[PDB]
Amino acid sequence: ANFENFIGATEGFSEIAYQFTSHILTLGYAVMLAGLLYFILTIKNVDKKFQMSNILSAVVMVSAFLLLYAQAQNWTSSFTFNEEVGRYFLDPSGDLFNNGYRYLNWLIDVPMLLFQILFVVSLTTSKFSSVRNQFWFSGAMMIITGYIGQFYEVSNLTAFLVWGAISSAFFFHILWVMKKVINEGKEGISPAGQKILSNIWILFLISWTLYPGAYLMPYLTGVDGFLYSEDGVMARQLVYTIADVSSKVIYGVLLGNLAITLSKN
């Protein structure tokens, strides 16, 4: 199937690759539940006019909590310890590790995260429905072609890369539209608000680039290097979790800070 199962069937997992990776994925859904509460309780602090951004954050938190909970559980129960050999191995009496929970969660989140900035900032010369449509279309293709090529991770590498590139194309379109949004949204807001918009742009830039980095990570040091081990598994799932916290939680915190700042009139 995927590179995690491959390693879990050929080599196996040490006790600290398995446990660390169970612990990092558990932290990841724990944060989403703490986010959920943060976004509900804070709705009171922003004018009715920006509150839709909180609403959307809350819904993203709900979706990610549940699906990343499934992903966590799909990791713990996929491997079992062989006390003879001392490593954790893929369990044939199991469901086998599956990235589908995470990809599904991106597909749901991607329109809400992109749409929500458009309730905090104003466009100038661009049309609202035009930005929305471009966002929703290319965000969905990006995740789907990201998902297709992920089935060929271990089997066919050339496909894994060509599909991953097809998914980069859509990714970069999104970065174009977002940069445009952020420029127009800077016009006629305060210097404080403009500061926060610039922070949002950099956080959105780093955090979303982590994801194709995590896609490639097992092959980053070549088809026989350091990362082509259970360490690319640890690194891949550490990067995904950082990217989930940054693109979903931190992003919407910054947007809520931008909204409050915009109630200074």
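Think of the rigid core as the biggest set of C-alphas that the two forms share within 1.5 Å after superposition. For every residue, the number given is its place in the sequence shown, counted from 1.
Novice: Would you mind working out which of 5-13 and 252-260 sits farther from this form in 5 other deposited structures of this protein by RMS C-alpha distance, with the rigid core as the fit?
Specialist: Checking 252-260 against 5-13 in 5 other deposited structures of this protein, I find the farther stretch is 5-13.
Novice: Relative to this form, superposed by the core, which stretch has the greater CA RMS in 5 other deposited structures of this protein: 165-173 or 97-105?
Specialist: Between the two stretches, 97-105 moves farther in 5 other deposited structures of this protein.
Novice: On mean Cα temperature factor in this entry, is 128-136 or 108-116 the higher one?
Specialist: According to the entry, 128-136 carries the higher average C-alpha B-factor.
Novice: Going by the average Cα B-factor in the PDB entry, point out whether 94-102 or 184-192 comes out higher.
Specialist: The recorded data point to 94-102.
Novice: Return the residue from 162, 72, 143, 175 that has the highest Cα B-factor in the entry.
Specialist: The record points to 162.
Novice: Using the temperature factors of the C-alpha atoms in this entry, rank residue 19 within its chain: lowest, middle or highest third.
Specialist: CA B-factor rank for residue 19: highest third.
Novice: Would the CA B-factor of residue 54 place it in the lowest, middle or highest third of its chain?
Specialist: Within its chain, residue 54 is a lowest-third residue by C-alpha B-factor, going by the deposited values.
Novice: Select lowest, middle or highest to describe the third in which the CA B-factor of residue 214 falls within its chain in this entry.
Specialist: Its C-alpha B-factor belongs to the middle third of this chain's values.
Novice: Residue 220: which third of its chain by C-alpha temperature factor?
Specialist: Highest third of the chain for residue 220's C-alpha B-factor.
Novice: Ranking every modelled residue in this chain by its Cα temperature factor as given in the entry, which third contains residue 26?
Specialist: Within its chain, residue 26 is a middle-third residue by C-alpha B-factor, going by the deposited values.
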